[PDB]
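# A closer look at the structure
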Amino acid sequence: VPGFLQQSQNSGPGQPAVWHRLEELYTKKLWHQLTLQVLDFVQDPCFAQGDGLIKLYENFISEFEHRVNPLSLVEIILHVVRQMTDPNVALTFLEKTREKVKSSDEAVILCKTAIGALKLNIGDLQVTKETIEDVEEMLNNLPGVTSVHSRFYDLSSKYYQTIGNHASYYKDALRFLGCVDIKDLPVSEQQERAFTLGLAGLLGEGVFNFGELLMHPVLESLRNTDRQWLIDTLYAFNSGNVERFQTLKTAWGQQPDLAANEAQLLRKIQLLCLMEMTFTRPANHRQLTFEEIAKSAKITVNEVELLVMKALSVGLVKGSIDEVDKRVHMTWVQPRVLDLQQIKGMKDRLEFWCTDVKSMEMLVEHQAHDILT
Amino acid sequence: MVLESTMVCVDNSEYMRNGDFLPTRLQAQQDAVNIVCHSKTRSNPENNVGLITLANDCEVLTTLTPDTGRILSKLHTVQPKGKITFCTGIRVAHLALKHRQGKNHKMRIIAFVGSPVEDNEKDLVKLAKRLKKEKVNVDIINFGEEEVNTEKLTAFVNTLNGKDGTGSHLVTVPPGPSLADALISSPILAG
Amino acid sequence: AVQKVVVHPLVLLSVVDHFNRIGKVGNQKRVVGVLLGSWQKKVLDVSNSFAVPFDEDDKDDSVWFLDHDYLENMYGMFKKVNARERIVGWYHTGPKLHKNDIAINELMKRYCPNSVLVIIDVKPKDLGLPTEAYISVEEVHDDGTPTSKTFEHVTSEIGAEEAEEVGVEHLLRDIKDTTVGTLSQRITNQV
Amino acid sequence: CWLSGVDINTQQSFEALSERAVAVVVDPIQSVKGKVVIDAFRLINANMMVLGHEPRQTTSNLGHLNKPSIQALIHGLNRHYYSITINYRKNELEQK
Amino acid sequence: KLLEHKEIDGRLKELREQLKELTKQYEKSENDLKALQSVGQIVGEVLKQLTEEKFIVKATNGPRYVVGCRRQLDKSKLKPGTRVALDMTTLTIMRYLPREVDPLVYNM
Amino acid sequence: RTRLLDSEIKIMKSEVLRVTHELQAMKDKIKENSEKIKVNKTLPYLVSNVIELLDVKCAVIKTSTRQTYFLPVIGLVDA
């Protein structure tokens, strides 16, 4: 039976030098070397004819020798893509001989990652909804491993492809930013992930940050490889607002998914120009005109009342507009940084105010010099 | 009737769930604890013994006590699956022995190594002359699977004691099947 | 969970007196101790605390020692004389946080889930406010590491209790309540 | 305050065991920030009655301790007792 | 052949059930020892609302007092006519109660 | 031949639990009932009147001195 494994899996020379180590290693009865070297045997990217032929034999020994369960089996079920190439029998195999089989802190949730991720090409967000939700129902405070957050980000993104809540792409991008442990993010492989990044957090409208994620560089490292004028109008998805070439060109290029966003991305920059003008413009002008609204907002003179009353109903600003002369009135707002690392506003207002109330507090002391007596 | 403060520093690293020891390495180091507690009790019932681990955690786990029942209660649910940390596991032992008030009891520290980790020889020769200042001759009994003939633990024992010292028997593990008694045949009389 | 507290300066003198225990004999120069807490409401309340015999080394800065008879059965004697008082957290000096903080956080959470430690000062000549309170939650990061138990801060405050200043305010004699209009608010102004 | 029978239960016991063996009588009621309401004394032997009980080498503090005009049951029990001075020592780091 | 694992599982069942049930009654009776913190109260009835924080209570053998609540004892609930539980030392109100009097109203 | 010895050592693993849980029963019970003997050696046991019962497990006391007491935890009886 070890002679059977030797005659079966050793399909080439030089390879069996460690398979003889395996057929002595079972007599040594030490299986953390299993957990390392046979995991490396699982790891091997090739055509891999031996591993799928021998996974049934390794299950025949996995019935007895209490294996380290999730690691090799889950990394090998996608090495089965030479042997079986069918999830509709692999789901049977999987759910029948693996739901009782785990060795981790929480590995029933990686079992649910397997279920949800193998019900992509056979299922469409109907029965995977409950169980993929049940994954983070069971996460909540647990991931002291967080290597399962790799497959949790996989269910996250590959299930977010199944439409529903575009505002969870800033959060799913936080998951991409907070999934991998070491630095290894590919460039020419994650430029396709830049193509889903930019053109799946851009078109949809649950997002409203408009340059906040553009601060983070792991996306622009993947976007400089993509076509620059799409990335130029991505750079115009910042405080440059009218720019009748830029968003026009991304309405030239990006062909699908420009039907529900028809004028609603214009509505997003139409509500966003108000916060960009009450924060960008160097205030003490808060009750103001309307032509800069009808110029930067790419709206007309007439349609600013819909603009201001809908933008008040949204909830990013709460000032009741002086409507008789189309005069703006504003409140609390959300910032997008000041002078390039906040030099000027910080200095000339914050420290100016510091020495203002500090030195006039010294003046309070100066006239209140001996009123303490 | 020697008065000592034996603080074994157990190993619950991720290499210690296999069966080169009898079924189970828990039972192997457990029997090592059994023989040291029974044997030091037969030399002196008025000692005090505590266990502690170093694989990713070092605790205040056991009070240094003669009662071997508490230690044998704490040899269950140990779960050897951690990442073995060699650096803090001896400083924690000697600061446990500096949290003593009976110091007419002398000092004995033993440690079980069944895992390789690399280290500078400076980072052990300073700790070995530190142990020479710290008045403990450490008797490391190596278990598990291991880098065969580690020089780091060898130089650690060599610069750990000289000039007719206690005679720290660095018993490196025999690689392969053996028992939890043939490896403590030699250090139980002189560690 | 923990939002604001009610803390009475009996814990403060219970810090300063162990500071008198380890100050003149100063070798590890730190007062680290356990904060008993009469957990009544969402607002917390303390009327008792004790200081553990404790050390904390610098190298790998995770070697540290409780005294679990002094931790368990002293708390049991305390529970017998006062069952209303139970554990709520702990305290230490050295207001610069460090790496062993998260380890004693790991152990303080298993005694009480919403535990809170107290950074103190032994000489507040402050603005001022008294000693600190945290809250330990898991937010992990935008990073993707295994669980980050980073110390979040509870806004600390002070309450009061009947008959606990009887001799002390008698000794100070410099008590001046009703003078707001010349000094008591200009101090706040300056401040 | 008063001089209890608990005094004559345990005071002979703790003057057998210990030497100074100071009895302590307490009350919290009389103020909240400005009084010294606790009270403390010590049992006198019967054997010193041959000596007249008026030596005291520093009579400022007996001129401060007799001075509050001792209240009811203390001098109801001047016998079996002799008083003791209780100041509050230098505790300024806590006081400030 | 391995019924000593069931002589160990039966030792677990019997010895652990018996010691855990003895220590469970000892847990609830250590809580009865913890009731040597919950040491007594008094009971009186609110006779009037003196001020918004004060009440005149009725010691059932005798005299009448001035009390307050604990902190949050619903000062609108404590109308003149309710019965309260009174503190032992501080003597103030601790807990409301029902009841009322002679069963010649009740027995009819 | 290996699992039976594992159950043999687990019998002592449960016997240590037997020792400690019988300690938490017996040595704590000596505390409890020594305190209760300390409550069982008194001047009377004052006769009284229990009139109602509460739940937010309680018992009220109205003595023959016409004193209405209360205790929230009842102690060595049941409801």
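Residues numbered from 1 in each chain as written, not as in the entry; some residues may be left out. Chains lettered and ligands numbered in written order. Part of a larger assembly, values for the part shown. Heavy atoms only, no water. Residues with missing side-chain atoms left out of burial classes, pairs and counts.

Looking at the entry header, you'll see cryo-EM listed as the method and 4.2 Å as the resolution.

What chain D contains, in helices and strands, is three helices and three strands. Secondary structure elements of chain D, listed N to C terminal, follow the sequence α-β-β-α-β-α. In terms of principal-axis extent, the alpha carbons of chain D reach across some 50 × 30 × 25 Å. For chain D, the proportion of its 96 residues judged to be buried stands at 18%. Of all intrachain contacts in chain D linking residues separated by at least 6 positions in sequence, the fraction that spans at least 24 positions is 58%. Accessible surface, chain D: about 7,800 Å² in total, of which carbon and sulfur atoms supply 56%. When the 10 positive and 8 negative side-chain charges of chain D are each reduced to one mean point, those points stand 6 Å apart. (Helix = DSSP H or I, 4+ residues; strand = E, 2+ residues; numbered from the N terminus. Buried < 20%, exposed > 50% of the residue type's maximum accessible area, 1.4 Å probe, protein only. Contact = heavy atoms within 4.5 Å. Areas by Shrake-Rupley, 256 points an atom, 1.4 Å probe, with all protein chains shown as cover. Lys, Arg positive; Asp, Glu negative; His and termini not counted. Charge placed at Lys NZ, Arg CZ, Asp CG, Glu CD.)

This part takes up the overall build of chain E. Secondary structure summary: chain E contains two helices and five strands in total. For chain E, the succession of helices and strands along the chain, N to C, is α-β-β-β-β-β-α. A compact globule built from 108 residues would reach a C-alpha radius of gyration of about 13 Å, whereas chain E, at 25 Å, exceeds it by more than 25%. Here the C-alpha coordinates of chain E stretch approximately 80 × 40 × 25 Å along the principal axes. In chain E, once contacts between residues fewer than 6 apart in sequence are set aside, the share between residues at least 24 apart is 39%. (Rg over C-alpha atoms; globule rule 2.2 N^0.38 Å.)

Listed by partner, the interface residues are 14 residues for chain D and 17 residues for chain C. Between chain D and chain C, a total of about 1,300 Å² is buried, with carbon and sulfur atoms accounting for 63% of that surface. Of all residues in chain D, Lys-33, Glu-94 and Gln-95 of chain D bury the most surface against chain C, accounting for 43% of the area lost on that side. If you look at where chain D meets chain C, you find seven residue pairs in polar contact. (Buried area = accessible area lost by both parts, 1.4 Å probe. Polar contact = N/O pair within 3.5 Å; in protein donor to acceptor, adjacent residues only side chain to side chain.)

As a further point, take the interface of chain F and chain E. Taken together, the contacts link 25 residues of chain F with 29 residues of chain E. Of all the elements in the fold, those that place two or more residues in the side of chain F that touches chain E are helix 1 (3-38) and strand 2 (68-71) of chain F. Residue composition of the side of chain F that touches chain E, by class: 11 nonpolar, six polar and eight charged. In this sheet, strand 2 of chain F lies alongside strand 1 (residues 41-45) of chain E in antiparallel orientation, the contact comprising two bridges. Counterpart to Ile-42 of chain E in the pairing with strand 2 of chain F is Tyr-69 of chain F. (Nonpolar A, V, L, I, M, F, W, Y, C, P; charged D, E, K, R; others polar. Pairing = 2+ DSSP bridges.)

Time to look at the arrangement of the chains. Ranking the eight pairs of chains in contact by number of contacts places chains E and F first. When C-alpha atoms are compared, chain A and chain F, though not in contact, are closest at a spacing of 14 Å. You won't find any contact between chain D and chain F; their C-alpha atoms come no closer than 17 Å.

All names here are of chain D. Taken as a whole and assessed by the stated rule, the structure comprises 20 salt bridges over all chains. With its nearest N and O atoms 2.6 Å apart, the salt bridge here joins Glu-15 to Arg-42. Note that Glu-15 is positioned in helix 1 (residues 7-17) and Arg-42 in strand 2 (residues 39-42), a separation of 27 residues in sequence. Given a relative accessible area of 11%, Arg-42 falls into the buried group. (Salt bridge = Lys/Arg side-chain N within 4 Å of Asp/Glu carboxyl O.)

Turning our attention to a negative patch on the surface. A grouping of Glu-130, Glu-133, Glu-136 and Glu-137 of chain A is seen on the molecular surface, where their side chains present a negatively charged patch. Inspection of the secondary structure assignment puts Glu-130 of chain A in helix 8 (residues 128-137). (Patch = residues over 30% accessible without salt bridge, like charges linked within 9 Å, V, L, I, M, F, W, Y side chains within 5 Å.)

Below, the discussion takes up the nonpolar core. Judged by nonpolar contacts, the single largest core of 49 residues is most densely connected at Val-138, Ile-140 and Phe-156 of chain B together with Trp-64, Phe-65 and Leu-66 of chain C. Sorting elements by how many residues they give to this core places helix 3 (residues 88-97) of chain B first, with five residues. Those residues in contact with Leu-66 of chain C that lie beyond four places of it in its chain are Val-60 of chain B together with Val-52, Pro-53, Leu-71 and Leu-107 of chain C. Core analysis: the second largest hydrophobic core is formed by 27 residues, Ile-231, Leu-274, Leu-307 and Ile-321 of chain A among them. (Core = buried A, V, L, I, M, F, W, Y, C linked by side-chain atoms within 4.5 Å.)

A contiguous patch of positive charge, built from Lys-122, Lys-129, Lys-132 and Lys-133 of chain B, is present on the exposed surface. Here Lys-133 of chain B is to be found in helix 4 (residues 122-134).

Residues and elements named next belong to chain D. Residues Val-22, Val-24, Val-26 and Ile-38 make up a contiguous nonpolar surface patch of roughly 340 Å² in combined accessible area. With respect to the helices, strands and loops of the structure, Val-24 is situated in strand 1 (residues 23-25). The class of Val-24 is exposed, set by a relative accessible area of 55%.

Strand pairing in a sheet takes place through backbone hydrogen bonds and is either antiparallel or parallel in direction. Residues and elements named next belong to chain B. Taken in spatial order, the four strands make up an open sheet running 2-1-3-4, and their pairing is parallel. Looking along the sheet, the strands with just one partner apiece sit at the ends: strand 2 (48-53) and strand 4 (138-142). The average angle at which neighbouring strand axes cross in this sheet is 20°, direction not considered. As defined by bridge partners, strand 1 (residues 4-10) adjoins strand 3 (residues 106-113) across six bridges and the pair is classed as parallel. By the bridge assignment for strand 3, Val-8 is matched with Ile-110. Sitting on the sheet, helix 3 is in contact with strand 1 and strand 3, with an inclination near 155° to strand 3. (Axes fitted to C-alpha atoms, helices over the stretch in contact; angles between N-to-C directions.)

Residue and element names in this part refer to chain A. The first and last C-alpha atoms of helix 3 (residues 32-43) sit 16 Å apart over 12 residues, in line with the 16 Å expected at 1.5 Å per residue. Restricting attention to buried positions, one finds in helix 3 the residues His-32, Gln-33, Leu-34, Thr-35, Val-38, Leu-39, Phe-41 and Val-42. Packing partners of the buried residues in helix 3 comprise helix 2 (16-28) and helix 5 (69-76). (Expected span 1.5 Å × (residues − 1).)

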